[PDB]
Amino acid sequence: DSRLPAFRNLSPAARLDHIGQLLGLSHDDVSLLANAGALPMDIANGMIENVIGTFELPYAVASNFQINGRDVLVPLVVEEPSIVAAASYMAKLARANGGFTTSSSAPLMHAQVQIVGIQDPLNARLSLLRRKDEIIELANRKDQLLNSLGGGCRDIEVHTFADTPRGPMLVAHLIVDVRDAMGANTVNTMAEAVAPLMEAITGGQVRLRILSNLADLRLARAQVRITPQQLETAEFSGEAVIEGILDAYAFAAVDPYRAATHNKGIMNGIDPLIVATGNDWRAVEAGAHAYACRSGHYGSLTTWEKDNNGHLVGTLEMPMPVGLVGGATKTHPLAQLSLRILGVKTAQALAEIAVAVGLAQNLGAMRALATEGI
């Protein structure tokens, strides 16, 4: 049960105590939050290079979230007010109608291998595709463990660019199935091993061998339904507010100046969760915003409509390159704890929670804005 009545009135120590009893945490865990210094300097000096101390940010916990029926507590680390309050309130509303409904695709990541110096990029492309099974097998031969976990390279796609400032180039894509890992190193490794062969097949120089942060093959999705009776303020009817939100949505879907702000609101709830779990927040931002203008125009990541029942329905589909076996998510005592609070077992389970927070957050911001909030 994620509903915490009068939680925003309890003192921090009482809130911790509560979450402690609720989740049945050990004292060793509660101590990590009740006492500054959870991250020892000896560990902190190992993550970054010229460490001189530590920087603190508030570690909150949103309430009311319900994902696919199960309740869950969402830990968020951020410095801006109203985010947790709005995420939580909006989550409260979604409850009556079934909470958030999520889904996701297999944890697929791209690995790009740039190849220059080819006089025949187009022919060369077909040479790679015919000896495709060969390359794939050479890639999986390296990361054997991964294959046992149920991951590994699954397919290859080659794209050519014949109109580049530095001549034509060929770009092969390794579509690797990482696993509960963000996939930066697993993918970058396969790209390095496969390189020698591709260079032999095509006859050109391999330049970059790196992953693409535009994980359009690793998407997380979320949905909500909000009844007009739920949004009814004092001077505004339930339906009049919905029309307001749709107006705001349409506005973002056509003007990039608003879209940027619209999408920032979304990340307002996603990033904090990512930082809380010790995940790279830059990778999610880059993938989120790069996906927004996939159709040649920077637009809305979410979508808001009114269904047959005159109910507000909203969606959010975006890349979620997140992980549980990552670098920092493992060494930071508090990050390990966040995952314990979340109760998530797969990276994708965590991704589904991240897009729900953001969807709730976008709705919260839009409601405030559409409610003539002066």
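Numbers for residues come from their place in the sequence shown, where the first is 1. For clarity, a rigid core is taken as the largest C-alpha set superposing within 1.5 Å between two forms.
Name the stretch that deviates more in 8 other deposited structures of this protein: 157-165, or 75-83? Use RMS CA distance to the shown form, core superposed. Farther from the shown form on average in 8 other deposited structures of this protein: 157-165.
Comparing C-alpha positions in 8 other deposited structures of this protein against this form, with the rigid core used for the fit, which stretch differs more, 140-148 or 213-221? Once the core is superposed, the stretch further away in 8 other deposited structures of this protein is 140-148.
Should the higher mean CA B-factor in the entry be assigned to 216-224 or to 82-90? Result of the comparison: 82-90.
Which has the higher mean CA temperature factor in the PDB entry, 254-262 or 180-188? Stretch with the greater average CA B-factor: 180-188.
Between 133, 247, 157, 280, which one tops the list for C-alpha B-factor in the PDB entry? When the deposited C-alpha B-factors of 133, 247, 157, 280 are compared, 133 is largest.
Highest Cα B-factor in the PDB entry belongs to which of 31, 50, 331, 54? Result of the comparison over 31, 50, 331, 54: 31.
Is residue 295 in the lowest, middle or highest third of its chain when residues are ranked by C-alpha B-factor? For residue 295, whose C-alpha B-factor we compare with every modelled residue in the chain, the answer is the highest third.
C-alpha B factor of residue 327, ranked within the chain: lowest, middle or highest third? As the PDB entry reports it, the C-alpha B-factor of residue 327 lands in the highest third of its chain.
Ranking every modelled residue in this chain by its Cα temperature factor as given in the entry, which third contains residue 341? As the PDB entry reports it, the C-alpha B-factor of residue 341 lands in the highest third of its chain.
Comparing residue 109 with the other modelled residues of its chain, is its CA B-factor in the lowest, middle or highest third? It falls in the middle third of the chain.
Where does residue 358 sit by CA temperature factor within its chain: lowest, middle or highest third? Its C-alpha B-factor, which the entry lists for residue 358, ranks in the lowest third among residues of this chain.
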